[PDB]
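Comments concern the structure below.
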Amino acid sequence: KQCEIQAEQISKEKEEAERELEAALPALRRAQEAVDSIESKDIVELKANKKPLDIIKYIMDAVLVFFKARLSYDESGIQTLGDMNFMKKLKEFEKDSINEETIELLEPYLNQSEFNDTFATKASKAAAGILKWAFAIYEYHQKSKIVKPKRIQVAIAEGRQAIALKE
């Protein structure tokens, strides 16, 4: 009977964690729909620019440290965007992979003057959508650590109920 009660509790906790993830996604889905409605005319026009603008550079340093590419060179980034899989990887990274020492080191680097959707939209029609999406990730870790515990709770509660029935 502890196995029965814990199975039901695991199911309820996993459902609640999935609901919370979908709720913190309420943004991740429109970022992702706008990232998806970006005409390609604009990304393309900007990859080719001579120097990066300071804003577009700094966003891009961290977009890249997330992606495990811990290097500050511009060239390291043009390299990473060049790929078209990036048009799908735009819709594939999940949030559970983030590490604690990473978020520890990125956080000094978020330059608040510089990051914004409408200002950054005049610099470029397409810069607008990504910003929103990174944020939907830094805004899911710990929060990812805490919400992977929440997800396991509905998820962790379902798994614990199964293990309890087995025992």
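Using ideal geometry, Cβ is built from the backbone for each residue, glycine included, and neighbour counts are taken over all protein chains shown. We did not get these values from a lab; they are worked out from the coordinates using the rules stated.
Rounded to the nearest 20, the Cβ-based charge dipole of the chain about its Cα centre (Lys and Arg +1, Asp and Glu -1) stands at 200 debye. Pairs of C-alpha atoms in the chain farther apart than 18 Å represent 66 percent of all such pairs. A helix-only calculation puts the chain at -22500 deg cm²/dmol for mean residue ellipticity at 222 nm, using -39500 (n - 2.57) for each DSSP H run of at least four residues, averaged over all residues. A simple count of charges around residue 52, restricted to other residues whose Cβ falls under 13 Å of its Cβ and scoring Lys, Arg +1 and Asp, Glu -1, yields -1. Couplings for the range 75-85, taken from phi via the Karplus curve 6.51 cos²θ - 1.76 cosθ + 1.60 with θ = phi - 60°, read 5, 3, x, 4, 4, 4, 7, x, 4, 6, 5 Hz in order; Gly and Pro are left as x.
Ignoring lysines fewer than eight residues from residue 166 along the same chain, the ones with Cα atoms less than 20 angstrom from its Cα are 1, 12, 14.
Remark: for residue pairs 68/145; 51/95; 95/148; 50/89; 68/150; 50/91, the C-alpha separation exceeds 21 Å in 51/95; 50/89; 68/150; 50/91.
For the range 5-69, the Cα-based Rg and Dmax, in that order, read 19.1, 63 Å. Subtracting the Cα-Cα distance of residue 3 and residue 42 from 0.36 nm times their residue separation leaves 8.4 nm of extension gain. Normalised by residue count, the range 73-167 yields a Cα convex hull volume of 154 Å³ per residue. Inter-label distance, residue 100 to residue 166: 2.7 nm, where each label sits 7 Å from its Cα along the C-beta direction. For the range 52-58, putting each phi into the Karplus relation 6.51 cos²θ - 1.76 cosθ + 1.60 with θ = phi - 60° gives couplings of x, 5, 4, 5, 4, 4, 5 Hz, in residue order, rounded to whole numbers and with x for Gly and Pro. Each 5 Å bin from zero holds the following percent of Cα-Cα pairs in the range 95-150: 5, 17, 22, 21, 16, 12, 6, 1.
Packing around the peptides 131-144, 31-44, taken as the average count of other Cβ atoms within 10 Å per residue, puts them in this order, highest first: 131-144, 31-44.
Taking 0.36 nm per residue of separation and subtracting the Cα-Cα distance, full extension of the segment from residue 114 to residue 86 would add 7.7 nm.
On the beta carbon distance between residue 50 and residue 145, with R0 = 45 Å, the FRET formula returns roughly 0.65.
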